[PDB]
Structure formats: structure tokens, C-alpha cells
Amino acid sequence: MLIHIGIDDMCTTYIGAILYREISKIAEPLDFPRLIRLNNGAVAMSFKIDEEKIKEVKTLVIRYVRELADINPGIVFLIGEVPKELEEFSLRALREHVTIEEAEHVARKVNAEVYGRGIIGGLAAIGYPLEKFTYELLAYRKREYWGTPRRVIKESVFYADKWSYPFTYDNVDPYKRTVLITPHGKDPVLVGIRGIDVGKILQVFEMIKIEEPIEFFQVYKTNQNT
Amino acid sequence: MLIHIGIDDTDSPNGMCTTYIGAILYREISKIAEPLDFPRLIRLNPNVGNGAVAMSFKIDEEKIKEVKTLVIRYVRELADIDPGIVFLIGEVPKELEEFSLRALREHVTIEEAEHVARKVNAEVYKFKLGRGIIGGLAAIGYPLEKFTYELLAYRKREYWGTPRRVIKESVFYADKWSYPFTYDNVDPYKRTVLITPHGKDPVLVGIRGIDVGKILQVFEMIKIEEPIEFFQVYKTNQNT
Amino acid sequence: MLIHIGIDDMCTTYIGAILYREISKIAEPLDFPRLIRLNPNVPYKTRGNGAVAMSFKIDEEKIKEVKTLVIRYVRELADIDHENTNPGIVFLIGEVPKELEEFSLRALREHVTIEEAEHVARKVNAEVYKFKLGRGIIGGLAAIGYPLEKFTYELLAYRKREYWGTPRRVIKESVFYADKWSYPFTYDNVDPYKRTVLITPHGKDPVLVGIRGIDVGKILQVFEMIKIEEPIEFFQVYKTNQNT
Amino acid sequence: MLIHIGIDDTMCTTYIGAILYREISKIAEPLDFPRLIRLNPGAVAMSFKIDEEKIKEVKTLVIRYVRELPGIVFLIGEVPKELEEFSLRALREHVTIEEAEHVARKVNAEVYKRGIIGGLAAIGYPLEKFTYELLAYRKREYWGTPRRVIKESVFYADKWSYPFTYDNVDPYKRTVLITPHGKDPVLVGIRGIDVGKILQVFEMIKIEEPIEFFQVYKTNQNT
């Protein structure tokens, strides 16, 4: 049995990462969780589960979303395969403006449980067809550093690239396919990397000079381009 | 030791045989040298003269001359079925790579190409004062960072300009992304597409895409009713 | 909804490929079809040793259409080649249960009985279509249940009927291929391993030539470089538990 | 131009190797991840693209870092058949120090300062088959102290299991944890064949101490 969880409106990707990590203890993920940006960051994730575990998953989820409140937040649950009506809503939510009403109507029609405009994102995140995506690895700061100046040093290094083998060593990259994300302010993300190749993300990741402890990091698949 | 070969036939009103000839070269030279990658098919101007082919081989110093000779011979043989060759030895230098990128994004002159060719020591074999030198250099110098695969099936000569015997069959393909979706599900993008030439073009049929697994699914499913000479996989700067 | 089709008891891979191509017209395949060999010390011909399966996504409404088409297609193939009976067909609906997965693993590592196969088939509700009391049921169940965690690609090209049992018209001249790992190495350098190998059948076997490898790009390099003198009916890519 | 660097000695080898790869990456273009070559089913090597002008700069750099922190082997140009063959031979059998220096001189390798067998074999090894090995390194202040790592028992995402039930059994473990003890500067490590699966595993590891850095290697070893 498939079960999907969507959340929208600690930022969303932080909590969504907690959920993904916790639920992976009791259920088999289909894939990395997904970060769906409406132009917005809603998060969704899918697990293979048995009938008898729905309650446990539901309870866990609302348990964690609350502790990380114990310090608007739309949770959406769907059992089974994403039906065409929901996929169509997601594609629609990303092309144009959709109302909370349209969202309520679609959740009822597809039998989602909806536990703030958070429902629009929770729903769309669940239904988003990731035929096209990039990876986005996000590292998170320990709470002691939130609001503290970011301690991370970007050193200029060359990377390894098959396509450049025939070229001279000073060959220049026509495209930056992998990019660093450098947040600011109370945001709990320390640093992140976006790209389409996992090995290339690793190359970048290992080379980043990180002078403060990463609480944890999470790889997402996102409808965002590099 | 790297040797690169660029073929381009622009000041050849008509033509059509460029990728066909490039495929024969790739196939023949693989007999004696080690290819770096599939050959590359480069279009200079995406607004549709501007179609060139290149390829890169590893080889020992002793056999550079032999590669050049074989190439000249095959193009000669293949041409005399009723041209434009560039060679480059060693790594592709920054300037030739920069030239390639420039050619892909704006009009360049023959004088600019001669300049680059002399600076990087490319051999423009028996130049005939055409624009073909531009495509040959641009093809050699193109870095395959962004590209798509393009598989092209070639017709036997006896079939050229004959009615095409191919059946496009409407089937579903195996797509990982749609696993969590219901059977009846909108496919948002088509990332793999057919090329369907008409008339005397020697290409029977082609496929352009980003993933080789998906290219193979499509290719095996194509009903080919005529026997083909061969097919060749190219990487190209074009998109779907 | 998921439907799996298994085939057992030459024409097995041929028939399986046709099944895979035809059902793709109406249902969404999960992956390339799978070719499952039960014993490496034994020939992947018949009987019961070499089997084929495939998995499709289809809506509840069309499940019966799939089964019906599969049977018609196998019936016809029997009619044409007049052999003249069906190879065994097995259907399973829904996910493959742990019981069937484990049977498939046990069948690859040890001898199993027809009774053991009947036992799992009843337990997981596989439909063994028109059973003929053979060992084929084992191969069909095993093929359906096999988890493709470890596998190898196998591209098989098939001959037109007129050419069957006619001397093969295919030539493999040596060429070098493009290999990333060889970049830092001098030109004169031999592979320590061959990861991609040719399959060259003989006699009346409908397979023209095949290729087994772990990498699709390399399979494609070897495939485009093969000189094929006779026309081929079609070719099919399988994933298999076999290795090079 | 290609330059190759190989090190080996009679723990700190992959650590020093990682530092070299990281520093040289600042001035030269790596061909690939560094390679870890174990002669018994060890030695590190790496390959960078430079121009003639940078040879001394790289050599000088390497020599400086290894001493601040063992045989060093350098080579310029493509790896010749003779070195590759020695590399392959050094695995499947026993080779003498003398056999190694002979091979070194024949292929114009520079042997700075065993041990050389390992450096040479590392440089020359054809890794047509390899696994990825991700290694996380402790800060020196933590070496020889109790490890701050928690193994989290989780399910991972796998394509092949999509059509099986939830209670499906995983027939092979293709990705495995490396858990050293004692003074070893490696905090923890992961070996697998798929970088995607490596990342899944890496992100779930609960790391309770500040690590110096981590390095991905390619290695001849299997799981």
C-alpha cells in the first residue's frame, strides 16, 4: 500500500526532513522526498506500507509536526496511487492561481485527508509528476547557531567532468549545472547544493569548508532548475 | 595522443550525406583508434549549411598519419558518389572551445576561423575558401556539457528516395517517475522524440533524447520494414 | 493496478518479446521484460530452466483484456509455428508477495518440485493458465517473483522466419570502444575484464545475435558496431539474472 | 597534460590522500575521485590535468603537505601498458621492491623517498570495476576517543522493489557501512556501487561529533 504525506506552511523542508527520517524507520520510501515550488516550498513524500500501519504513520506525522510547533500548517494524507485529477491540480497549481476552495474540492474528490493556504501546497506537492527534477541537498544548522552568522567557506577548486577530458586544463564551463545555495538570517539551512547529477553534488558537497556542525542534511528532488 | 576530426559540407548546396559520412568515419576509425565518446553532431544556427560533425580518438604517435590518410581516403571514396575536413592533434585549447561557443551564438567570418585555426594549429585539409572551415572547427571545439543523444538509422543506398518503410507504433514506455501515479496519467513532457525525414535523405528514421535507456525502448519498438545499412548514435547540441 | 505475466516452455524469449511489445499498446510496462535462468549449470533452452516475465500497470477495468490478449497472442504464435501447443502462461495480479519472492530465490539456488510450485501458486493466487503437469510452472513463477536487485542487460535480435535454420549472416570485426576508465591510460592497453559479451547462437534458434552487458550505453556501442547482413524481425532488451 | 600522484606507507594514508586531492584541486583539474587500491582483497593515487608550467607547483605542493603531516610516486603523461600490467600483477600475486623500482625507472616515474610497490600499483590500476567508498574523517582532537556515531535502522528507497509487497526481502546488501575503532582517523565510512544509494545511507547516519571533512574514493574493493 502506498501512503503520501504533504506539508506546507522551522521551515517546511526542515520538518519534512524530520518526517522523512522518522517514517523511514517504519516504512519503505519510494524515493527522496520532494520539494515542490509553486513559483512556496511545499514538501511531500511517499512510502510503501501495509494496511495495518496507516494509523502509526498518521500519528507519528502529526506527533512531529506538533513538537516542531511546540516551540496554517496543512498536513495532507493520501492512500493509493495519485489519481489523474490530483496530478492535474498540481500541474494547474503551478501554471496559474488556484483557490483554497478548488483545493478543498479536489482533496474531497480524491479522498485525501486534510488534517491556511497550506492545503494548496500540501496537495500539489503530493500530486506533482517529477518527470523533470533536480536534486537539492540541504544541510541544516544546530539550533544554537540559528540567527548566528554563517560559518561556511566556499573555496575555488576544479571539479572532475568527463566532458572536459579532450580539452586543455583551463577549459571553461559553458554552463554551471551545479549551484550552491547560500541562505541568510534566522533560516535553519546552513548551505545547500542544487544540480542534476548526484556524483557532481557529492564533489561539491565534500569540498565545502564547513566550520560549524551540521545537525543533519537531507536530499530532496525538486521541480527547480539549476 | 588525441587526434580530432571535423567534417563539414556547407558550401555544398544540397548534400544530405554529412552525418552518414561522419558515421562511416567513426565506424572505420574505431578499427584503428580508440574513440573518446560517441561522435558529435553540431548545428551552428538553431533557426535552421549549419550542420557539422566531429569525433575524438586516442591513438599512438605512430598512427596519426594513418588516421588522416584513412579519413581522406573514405571521404574521397564516399564523395565520388557524384567534403571539408579539419584535423586537430592534442587537447582542444581554450581559444578553439571559445570559438565553438561563439559560432553557436552568432555570425562568425571565415577570417575569424582562419585566425583560430592558425593559432591552435588545426589542419584544414585542402581548403577551398569556403565557410565549411567554420563548422568543422566549431564541431571539433564543442564541449559536450549540455547535449542530447541522437540515434540515426541509415538506409541502404538502393532505398534512397524510395517510399519510407517505417511504422510508428503507439505504445507506453517504462517510466520510473510515474510509478506512484494511477495508470491513466497525464504525461507532462515528451523528452524523447522521433526524427522522420522525407525524400532522398539517407536517414531512415531517428530518435532524439536525454536518456539512453529511454532511447533504446523507443528504438526497439519502432517497426523497421526495410533493412538498414547501419545506425549511429551521436551526441548533439540540439534539444527535443 | 499491476499485472505480471510469466512464460515458460528458442521461442520463449521470442514469444515473450512479442507479448511485451503487444501489451505495451494497452498497458504501461514497469521495466524491460525479465529473462530468468534457474540453473547456470544447465542450458537456457527449455524445459523449465529458462523463463520470461514482465510487469504492467493497467486499470482494474482492463485486467481481463490483458489476460485475453496474452492468450490470443500465444495461441496465434502456436498456430503460425505449429508446434503446436501453448508454452505455459502464468498470471499474477497485484504486488509480488514475499512468499513468491522467496520461492523465486529458492528456485535459482536449489532443486524444487512441481508440488512446491503448486503450493506457492495456490497461496499467492497466481493463475496458471491451462496447466499441463510440467515443470514449466516453476520457471514461470520464479520469473514473476524474481527481484531485479542484481541483473544484467541482454539485447536479443530476432531472425525473420524465412531465415530460421539458415546460416547466420552477421559479422563482428574488432573495433575499440569508448570507455571512461581508460582515459588516463596509454593507447596500447588491454581491458582487464570484458563486461560486455556477444551471444552467438547456432542452428534453428530464432535468435540472430545477442549482447549481454551491465551498461546500456556500452550495449548500444557494441550493437551499432555489429554488421548485420540479414534483416531482423525485431530485437528486444531484457534484464536477466545471468552475468557475463 | 596528465600528472599522477601515488602514496602508500607502513589509517593516515586515505587521510593524507584526501588532503592532497583537496589541495591540488585548487590548482589543477582532477580526472576523477581519488582511487583507493588495496593489494590484498591501502595505497592512494589520483590524476590531475595540468600544463607543463604547473609540474613543479604540484610536486612542491604535494611534498609540502605530506611532510607537514611515506613513499611518494609521481608520473607525467598517460599510464603506459607496462605500469598497468605491474599494477594488475601486484594484486594477483607477490612482487618485490626491486621489481617495483625497475618498473618505476622504465616508465619514467619519479619516486620521492615499502611501499613504492603500493604507490606505483595505485597509479597504474585500471579501475574498470570499482566501488565507491565514502570516508568521513575525525578532527585530530577526537582521534583515539570514543566514536560519536549512531546507526539508524531504516528502510531505503529502491527501484527494483516497487512491484513487491511491503514485507519484501532484500536479497543482497550492495551498500555497507564501514565502522573502524581505535586510533583510526576515519569516523565512519560507506561502500556501495551507487552514489545515490551512498547518499541515502550517508544522510541517515547520525553524527554527533564535528568531522574534519569527508572524501569520496573509488576503490578496487567490493562489498
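Those sequence lines, one after another, are chains C, A, B and D. If you count by PDB author numbering, then the first sequence holds residues 1 to 9, 16 to 45, 55 to 86, 92 to 135, 140 to 250, one letter each, in order. If you count by PDB author numbering, then the second sequence holds residues 1 to 48, 54 to 87, 93 to 250, one letter each, in order. If you count by PDB author numbering, then the third sequence holds residues 1 to 9, 16 to 250, one letter each, in order. If you count by PDB author numbering, then the fourth sequence holds residues 1 to 10, 16 to 46, 56 to 83, 93 to 136, 141 to 250, one letter each, in order. Even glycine gets a Cβ: it sits at the ideal position worked out from N, Cα and C.
Please tell me whether residue i and residue j are closer than 7 angstroms, where the distance is taken between their beta carbons.
| i | j | result |
| --- | --- | --- |
| residue 107(C) | residue 171(C) | no |
| residue 169(B) | residue 235(B) | no |
| residue 3(B) | residue 99(B) | yes |
| residue 89(B) | residue 164(B) | no |
| residue 142(A) | residue 10(A) | yes |
| residue 233(A) | residue 179(A) | yes |
| residue 244(D) | residue 41(D) | yes |
| residue 222(D) | residue 181(C) | no |
| residue 92(A) | residue 43(A) | No coordinates exist for residue 92(A) in the structure shown, because the numbering of chain A passes directly from 87 to 93. |
| residue 158(C) | residue 250(C) | yes |
| residue 105(C) | residue 130(C) | yes |
| residue 16(C) | residue 75(C) | no |
From residue i to residue j, what does the alpha carbon distance come to, in whole angstroms?
| i | j | result |
| --- | --- | --- |
| residue 128(C) | residue 69(C) | 19 angstroms |
| residue 195(B) | residue 49(B) | 35 angstroms |
| residue 85(B) | residue 46(B) | 32 angstroms |
| residue 211(A) | residue 114(B) | 50 angstroms |
| residue 66(D) | residue 94(A) | 33 angstroms |
| residue 80(B) | residue 25(B) | 8 angstroms |
| residue 35(D) | residue 1(D) | 12 angstroms |
| residue 5(A) | residue 27(A) | 13 angstroms |
| residue 121(D) | residue 64(D) | 31 angstroms |
| residue 197(B) | residue 208(B) | 28 angstroms |
| residue 213(A) | residue 13(A) | 18 angstroms |
| residue 54(A) | residue 51(B) | 53 angstroms |
| residue 51(A) | residue 125(D) | As shown, the structure holds no coordinates for residue 51(A); chain A passes over it, running from 48 to 54. |
| residue 116(C) | residue 132(C) | 22 angstroms |
| residue 39(C) | residue 37(B) | 22 angstroms |
| residue 185(A) | residue 87(B) | 34 angstroms |
Quick one: what's got a C-beta closer than 7 angstroms to residue i's C-beta in the same chain, skipping five residues either side?
| i | result |
| --- | --- |
| residue 136(B) | 92 |
| residue 229(A) | 161, 217 |
| residue 206(A) | 215 |
| residue 231(B) | 181 |
Beta-carbon within less than 6 angstroms of residue i's beta-carbon, same chain only, minus the 5 sequence neighbours each way: which residues are those?
| i | result |
| --- | --- |
| residue 183(A) | 227 |
| residue 134(A) | 96, 127, 143 |
| residue 123(C) | 143, 144, 147 |
| residue 167(B) | none |
| residue 242(B) | 23, 162 |
| residue 220(A) | 158, 201 |
Just checking my contact of residue i with residue j at CB under 8 angstroms: how many whole Å lie between their CB atoms?
| i | j | result |
| --- | --- | --- |
| residue 144(D) | residue 176(D) | Rounded, the Cβ-Cβ distance is 34 angstroms, inconsistent with contact. |
| residue 160(D) | residue 218(D) | 5 angstroms |
| residue 148(A) | residue 23(A) | No, residue 148(A) and residue 23(A) are not in contact; Cβ-Cβ is about 19 angstroms, not under 8 angstroms. |
| residue 190(D) | residue 110(B) | The Cβ separation is near 12 angstroms, so there is no contact. |
| residue 154(A) | residue 187(C) | 5 angstroms |
| residue 192(C) | residue 103(A) | 5 angstroms |
| residue 146(A) | residue 7(A) | 7 angstroms |
| residue 32(B) | residue 71(B) | 7 angstroms |
Pick helix, strand or coil for residue i, following the three-state DSSP scheme.
| i | result |
| --- | --- |
| residue 136(C) | Between 135 and 140 the numbering of chain C has a gap, and residue 136(C) falls inside it, with no coordinates. |
| residue 1(C) | coil |
| residue 149(A) | helix |
| residue 158(C) | strand |
| residue 60(B) | strand |
| residue 142(B) | helix |
| residue 33(C) | coil |
| residue 9(D) | coil |
| residue 213(D) | strand |
| residue 135(B) | strand |
| residue 205(C) | strand |
| residue 98(A) | strand |
Please find out if some non-hydrogen atom of the ligand NAD comes closer than 6 angstroms to the beta-carbon of residue i.
| i | result |
| --- | --- |
| residue 61(B) | With respect to the ligand NAD, the structure shown offers nothing to examine, as it has no ligands at all. |
Going by beta carbon distance, what residues of the same chain come within less than 8 angstroms of residue i, once the five residues before and after it are set aside?
| i | result |
| --- | --- |
| residue 29(A) | 5, 35, 60, 62, 72, 75, 76 |
| residue 138(B) | 91, 94 |
- Message: Closer than 7 angstroms between beta carbons: that is the criterion. Which residues of the stretch 216–231 of chain D meet it against chain G?
- Response: The question asks about chain G, but that chain is absent: this structure's protein chains are C, A, B and D.
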